[PDB]
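Under the deposited numbering, read the sequence shown as residues 1 to 155, first letter to last.
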Amino acid sequence: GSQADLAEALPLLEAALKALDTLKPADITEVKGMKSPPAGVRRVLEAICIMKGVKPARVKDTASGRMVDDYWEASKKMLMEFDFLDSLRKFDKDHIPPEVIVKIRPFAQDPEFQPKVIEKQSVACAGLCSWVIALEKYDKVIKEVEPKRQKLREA
């Protein structure tokens, strides 16, 4: 159980961080060019910022004609970065608030937030969602990954 838990998430987190290595900085900003990102990445790209606690943007509604806030303009601006992936990988999993995980709780099981599904519409972005769902797994195992105690897992 002890080694079965850590070894169950280890390959999950490492599989994500390594996904960004093969990726490129220009491959990310490519999303900032088009009018708007896909319906599949719209959630993933957000799962990266939400984990940090980024605020939305400010713009005028084109359909309402009033002052409103757009969390998209603030999100896409994160993809235009060339080192946007260097930050998520440099983030400390020991500082992951339950407020950011509770927002993607129902998504962790959603078929539109999995690394296997995102690999169909977003092979590159797939490396992101994989880290979001992995970081939550590695943090759940760390609770007993290497307790180094007795009277347990011992025959």
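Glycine residues also receive a C-beta, built at the ideal position from the N, C-alpha and C atoms.
In the three-state reduction of the DSSP assignment, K60 falls in the strand class.
Residue environment: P115 is assigned as buried (16 or more neighbouring CB atoms within 10 Å of its CB, all protein chains considered).
Around the CB of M34, fewer than 16 other CB atoms lie within 10 Å, so the residue is classed as exposed. Here the C-alpha atom of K77 lies approximately 7 Å from the C-alpha atom of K32. Around the Cβ of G127, a 10 Å sphere holds 16 or more other Cβ atoms; the residue is buried. Contact between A134 and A15 holds, with the beta-carbon distance rounding to 7 Å and staying under 8 Å. Taking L13 as reference, the option from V117, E136, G1, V100 with the minimal CA-CA separation is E136. Under the Cβ criterion (8 Å, minimum of three pairs), the stretch 62–73 does not count as touching the stretch 94–111. Just so you know, the alpha carbons of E99 and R43 end up roughly 16 Å apart.
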